[PDB]
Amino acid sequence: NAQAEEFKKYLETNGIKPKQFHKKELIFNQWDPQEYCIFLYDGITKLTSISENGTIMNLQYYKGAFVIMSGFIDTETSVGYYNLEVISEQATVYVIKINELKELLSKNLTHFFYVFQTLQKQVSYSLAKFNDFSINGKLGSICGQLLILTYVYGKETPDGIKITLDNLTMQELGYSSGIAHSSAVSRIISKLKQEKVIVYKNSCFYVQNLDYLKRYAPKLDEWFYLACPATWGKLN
């Protein structure tokens, strides 16, 4: 990712050093009024909101390289009461107080535009997820998350396209698909195994009918085509 590598160099040039966070840590949290720009260089995170009774809502997932901003660039105040939780074993992030970010994007407009484009990717991703759910419901949701994982992490094996993630849990897959309880995920994962679309072997999902996933997540497939054409092309 050439833009992300150039942005990394720009940050280090300007004294911003990488930080390692481990699984379950909150890079930023919903109770902290100091807001941040997070450059997630490596690893997997999720945006959450925690209710007063302790229920955790999973709102969005991100993988490095990406940018997540907890405050508005102009007002420096919260864009929502959100946490950014590490779900990979480790994540590498560059943390920039929001008051400092304006200065930096101001002096290099190439990187201003790299960060702008990431917001556009979020917005359109959310719309595509909404569109697929409206058409195909929870099946579309789960098919879409399996599809993106296949594009990003898939490896061709004799067993199918293996999604090469450690501890890709049934529960985390449902959360990324907007489904909060395991009953609905089991029923759909059951149908997908029954119809021989996926298989579960060495703690990993293998995709054996990629066309089926594309069929039921058409707007997320189109999002990936439009936003990540080189990666989309590996399996089309």
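Residue positions are given as counts along the sequence shown, with the first one as 1.
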{"item": "Comparing 118 to 126 with 146 to 154, the one whose average Cα B-factor in the PDB entry is higher", "value": "146 to 154"}
{"item": "Higher-B stretch (mean Cα B-factor, as the entry records it), 106 to 114 or 91 to 99", "value": "106 to 114"}
{"item": "Residue with maximal Cα B-factor (values as given in the PDB entry) among 65, 210, 188, 57", "value": "188"}
{"item": "Most elevated Cα B-factor in the entry, residues 50, 199, 44, 37", "value": "199"}
{"item": "Record-listed C-alpha B factor of residue 136: chain third", "value": "middle"}
{"item": "Third of the chain's Cα B-factor distribution that residue 83 belongs to, per the entry", "value": "lowest"}
